[PDB]
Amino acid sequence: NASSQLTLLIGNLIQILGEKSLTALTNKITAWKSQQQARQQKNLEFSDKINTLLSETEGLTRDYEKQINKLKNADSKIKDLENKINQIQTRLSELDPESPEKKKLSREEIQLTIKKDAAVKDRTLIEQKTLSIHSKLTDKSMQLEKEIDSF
């Protein structure tokens, strides 16, 4: 233990040489001790914080990936509801102007439309979360800089 050895050393020197002639060194040693203790405080604090930021970053990375996948499925559901609607819309155009089945297809198209509007909504929500998570990751990079700058 450097500190304890140092205490013994200056103690020993003072024994023979007297404290008056060594006051300056004695004072320097006090400063050193103090610095060492502050550096040990910072070291521990930084270590804990880095561990936290890291773990937090990993969690948010997983969240980001999970949401990105969710958002792809959402664009799918939509590209599929757009198909059913166009399909049906084409089918309705070519429909015998009456006809016995027009009434029903028209009701299916209002339904696919209601579903597609709700899926566009839900999509934007997911996209928002994605972007939000990305923002939180950016916050983690800011927090990291903060810690480094005050080390």
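So that there is no doubt, residue numbering starts at 1 and follows the sequence shown.
Trainee: May I ask you to compare 101-109 and 65-73 by their mean CA B factor in the entry and name the higher one?
Mentor: The stretch with the larger average C-alpha B-factor is 101-109.
Trainee: Could you check which stretch, 118-126 or 84-92, carries the larger mean CA temperature factor in the entry?
Mentor: Per the PDB entry, the higher value belongs to 84-92.
Trainee: Return the residue from 143, 15, 135, 21 that has the highest Cα B-factor in the entry.
Mentor: In this record, 21 carries the highest C-alpha B-factor of the candidates.
Trainee: Per the entry, which of 27, 36, 55, 47 tops the list for Cα B factor?
Mentor: Of 27, 36, 55, 47, 27 has the highest C-alpha B-factor.
Trainee: Place residue 1 in the lowest, middle or highest third of its chain's C-alpha B-factors, as listed in the PDB entry.
Mentor: Top third by C-alpha B-factor.
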